[PDB]
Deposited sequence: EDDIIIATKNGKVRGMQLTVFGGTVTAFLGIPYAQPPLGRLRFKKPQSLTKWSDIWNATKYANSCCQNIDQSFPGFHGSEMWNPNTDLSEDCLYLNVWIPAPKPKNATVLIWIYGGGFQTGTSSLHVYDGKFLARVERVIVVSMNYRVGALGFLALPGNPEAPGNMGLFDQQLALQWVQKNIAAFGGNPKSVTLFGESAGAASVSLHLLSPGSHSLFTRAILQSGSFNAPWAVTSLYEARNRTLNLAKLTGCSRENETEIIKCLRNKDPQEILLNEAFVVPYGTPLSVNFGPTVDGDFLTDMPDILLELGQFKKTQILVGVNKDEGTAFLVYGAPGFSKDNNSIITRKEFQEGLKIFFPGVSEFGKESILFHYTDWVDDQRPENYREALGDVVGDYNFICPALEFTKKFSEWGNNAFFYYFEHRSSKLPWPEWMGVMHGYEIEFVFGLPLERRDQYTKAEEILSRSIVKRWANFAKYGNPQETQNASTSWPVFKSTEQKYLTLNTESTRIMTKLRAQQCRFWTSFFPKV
């Protein structure tokens, strides 16, 4: 199993999945290690190579800080990198089904992680199941995160910004020029990602350079119009200069502020990263997407409003309890260890945490809009979750989906409301952010791993749906007489709920709450 690519040959490795085989080329490099003079620079093309390259194991993950909040706790450590962190991390994986497919649809996954963390080698991103079951070719790439992947000094090629996004782009370009060799159809590529990954995907729809690199897109819990997805021109410069200060790289010639930075240590940049913000939040993205004038040509909010984006179908969705996950990372009275029943004062302090630069009035509004009980104990605990959830993910996701449909294309919106039976976090956190990913990747199809049977039916169904969406642009599950998935139109706004129970078509998800977040809040 050796395939010849435009830059050299690569030796894969066979795997055994559900009484069959799947070929896997883990760790194929796709760009020039972004080291030394190349740190902070757009990914440079790769130098062709000779002698069969061995992609039989995940490569290094990119440099990034790590979640040390719950050591030994699986709930969080399952997201932490599982390969050496290195600046040399521009590698991608390919999972082609076995035997070799003739002209297979490609699914390219772009992991989330707040643009600060993440890696394609996570267990929940193992694309061998999707490969095995739908005979699709899955692709993962590691893209630089943190300041090393999103440091910005607008107009300056030494550190322009969106390097992470260009890494992704370079990887898609790679699938364009090489997927054919693996038996893939470069004319049927579907980008799918979660959180900052979904926000990345949504930006590839706006980026003129990614236009021809993919067909369709799937956005799981995230869109560029999310409060956290894009860093302003100001926030970027202040933060880039502050990172300079912390490392003592303050120069008056930007270009030098950068060279002083290329000499610092990969770790010293990761260490000071966390402080470029005065009072960040559990959802602060110190260094992320910016309007560089290259990948992004104008504030993405405008491009969207005026329909300047790749015209194609999109599958967008969110989990029922997007917010909870973050409440235990700084919200007073919260713990993954108790029922975190907080009082009103605690909710009030909670808001101070997430809406830090928000006015006193603005916080009263959130409170007022979210404290209209129907007088019950877990009222404020749940109110805080939805506030964070609705505000950072759910509403933005709905606004993006909506505006995007307004331009003709078919959009499908889902609402994942199934809590994993294996969920390591407490019950009160419900259907947590990021926890639909395993169902999407068919992990529950594997009957060992202690997942209920019903969860298997669901993962199988979602996997079918996702595949059908990639292949045919319609997320249906046409055989086992299931509920049809209607198109999301700007007026009826129907979404399909994904549950183990009875799937249903409903309308205008979080109508009342999102009107507050999408129309009013932007005003305080």
{"query": "Sequence ranges without modelled C-alpha atoms (deposited numbering)", "finding": "1 to 3, 378 to 379"}
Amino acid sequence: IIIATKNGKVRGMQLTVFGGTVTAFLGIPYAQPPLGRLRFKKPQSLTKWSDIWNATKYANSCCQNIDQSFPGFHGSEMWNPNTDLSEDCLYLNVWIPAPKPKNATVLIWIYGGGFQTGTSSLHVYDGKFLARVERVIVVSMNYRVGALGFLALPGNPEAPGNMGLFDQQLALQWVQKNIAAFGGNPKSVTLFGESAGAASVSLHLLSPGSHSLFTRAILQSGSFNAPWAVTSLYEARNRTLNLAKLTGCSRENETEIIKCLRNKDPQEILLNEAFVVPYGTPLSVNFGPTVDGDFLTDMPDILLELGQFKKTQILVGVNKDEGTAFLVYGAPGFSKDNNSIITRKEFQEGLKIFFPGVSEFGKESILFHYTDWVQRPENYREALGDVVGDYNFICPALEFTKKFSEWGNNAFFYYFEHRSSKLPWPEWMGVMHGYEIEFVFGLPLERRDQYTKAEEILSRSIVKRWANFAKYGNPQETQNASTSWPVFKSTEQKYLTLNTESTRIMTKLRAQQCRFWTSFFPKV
From here on, numbers count along this sequence of modelled residues.
{"item": "Higher-scoring stretch by recorded Cα B factor average, 270 to 278 or 109 to 117", "value": "270 to 278"}
{"item": "Of 218 to 226 and 352 to 360, the one with larger mean CA B-factor", "value": "352 to 360"}
{"item": "Largest Cα B-factor, entry values, listed residues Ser45, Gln64, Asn468, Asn60", "value": "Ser45"}
{"item": "C-alpha B-factor winner, where the candidates are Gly333, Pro424, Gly288, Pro154", "value": "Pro154"}
{"item": "CA B-factor ranking of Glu158, expressed as a third of its chain", "value": "highest"}
{"item": "Cα B factor band for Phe488 (lowest, middle or highest third within the chain)", "value": "middle"}
{"item": "Chain third (lowest, middle, highest) by recorded CA B-factor, residue given as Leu509", "value": "middle"}
{"item": "Chain thirds of CA B-factor: placement of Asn242", "value": "highest"}
{"item": "Modelled-residue ranking by C-alpha temperature factor, third containing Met429", "value": "middle"}
